[PDB]
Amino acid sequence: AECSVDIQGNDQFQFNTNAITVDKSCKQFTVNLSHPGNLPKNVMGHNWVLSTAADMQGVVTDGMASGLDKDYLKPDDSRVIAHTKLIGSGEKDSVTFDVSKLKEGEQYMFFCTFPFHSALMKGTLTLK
């Protein structure tokens, strides 16, 4: 089974998927994020951030407040299972994480923490 996904965030406040499936046979999983938009990261930056559903709101809320200089993530935030850096137009970044960090019966959300984006830039991540 494939153990990676390519994700884009654009100038229209959108990721190109709202649902990621990680096959239970994967040992690692890689997200390759790119920004095919034209706007710079100070006005339209995106990241890809994974947390439990229960933790999403706190990660987004604390992240928003940290500013462009912290990639809109609270420093030393243990709620963050895995994440990319914040990118703007023409940039890309990849994150690989150990699938053993995910459990069944738990449900996960991915999202961007740039101010206000998560209302549309969010989706589910699930083992199967």
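Sequential numbering from 1, following the sequence displayed.
Higher mean CA B-factor, judged across 91 to 99 and 71 to 79 from the recorded values: 71 to 79. Two stretches are in play, 59 to 67 and 31 to 39, and the higher mean C-alpha B-factor belongs to 59 to 67. Across the options 44, 54, 86, 50, the residue with the most elevated CA B-factor in the record is 54. Listed residues 17, 107, 10, 21 were ranked by CA B-factor as deposited; 107 comes out on top. In the PDB entry, residue 121 places in the lowest third of its chain by CA B-factor.
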